[PDB]
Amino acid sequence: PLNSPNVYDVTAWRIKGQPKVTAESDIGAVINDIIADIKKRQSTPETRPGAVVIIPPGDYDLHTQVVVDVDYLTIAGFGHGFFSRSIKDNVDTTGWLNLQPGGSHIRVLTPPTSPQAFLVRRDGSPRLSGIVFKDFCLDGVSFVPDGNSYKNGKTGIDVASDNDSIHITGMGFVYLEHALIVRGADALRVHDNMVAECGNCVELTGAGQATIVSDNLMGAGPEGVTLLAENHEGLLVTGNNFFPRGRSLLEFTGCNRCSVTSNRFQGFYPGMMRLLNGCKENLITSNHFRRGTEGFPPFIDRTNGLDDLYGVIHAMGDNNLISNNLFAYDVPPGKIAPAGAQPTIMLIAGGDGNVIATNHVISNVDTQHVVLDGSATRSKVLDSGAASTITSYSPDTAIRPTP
């Protein structure tokens, strides 16, 4: 196409010894053969600049898991091609002009034993570096045993090895149990993506450093995470629009010295935000929280098994700043668990030194804006409700009621 052997068009690649195989019939095999060509020509630690794999708009079945074990590989389409399969599966589509996602459209038809469409994994040194996924659709096609299970065992992109300077951007994920998993992320960017109608959206597993999750649209399933981070340091979550219906919208476990700022959070279940298992010194600020109830008939009765005393925020850690957030709670009294209970907006489950400052709460019912567990120590609650909206079972909580 261009005068480099490092620029690949998947619709122009012939696999030697498998001439009938196309990008349409199995783009996985085609890209595995492309990665082989790259490894045959890039034969030394000083001749490995990587390459780019172009995916034109079109419908491509992936049957073979692609293994990405080369630094500086870029896989690029020209469109995220997102489509609400969830609405399609549940409504009368008679006269509908389109019935599936498109753009640079990869349908994930992987074997159960290698379920992930893209497995980024290198045994050895150094960390895989500078890999870029952008501007194409990853479509799991269907959920089993019906379209509403948010279950099918398929993953879009799974980074298994310690990685450095990976960039995921302009992607479309639909109808995967797991859209994107990154283990061992240093200097990762997950930026300006459409990740919706997946069991789980973005999983930052193991540990991580200096990562940005920015400017994304995300919506997961009732038994799954929207954003999760395990043992992350200086993770920045900014500019994201988290909508339903994951078990949670944000979930840190053992995360310290991260920041969640200028996001929008709409949840249909309690525990939209969870800082778990001792999260220290985290900034949770300039965020809009909205706790509503399911309006899509097919999901009216599905729940995450948590009651309205769980918190919209549930926080177990030291020295977090939960400040300048708006909480708009609207749940029909007959859909609140337990019956007759006041919903808790912010629950400090435990930890030393946490500060709740400058928070506005609206509810359709009498709610406790802040409940502090008895185990909370040296906690401060400032201008986050009248005195009747603050419950401190901890006897050392300094409270300034909103005047």
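Note that residue numbering follows the sequence shown and begins at 1.
Averaged over CA atoms, B-factors in the entry run higher in 155-163 than in the other of 213-221 and 155-163.
For the segment pair 144-152 and 244-252, the entry gives 144-152 the higher mean B-factor, averaged over Cα atoms.
Within the group 189, 290, 80, 302, the record's highest C-alpha temperature factor is found at 302. Comparing C-alpha B-factors across 104, 74, 324, 169 in the deposited entry, the largest value falls on 324. When the modelled residues of the chain are ordered by C-alpha B-factor, residue 352 sits in the lowest third. In the PDB entry, residue 335 places in the middle third of its chain by CA B-factor. Among all modelled residues in its chain, residue 12 ranks in the middle third by Cα B-factor. In this PDB entry, the Cα temperature factor of residue 271 sits in the bottom third of its chain's modelled residues, the lowest group.
Per-chain ranking of the deposited C-alpha B factor places residue 65 in the middle third.
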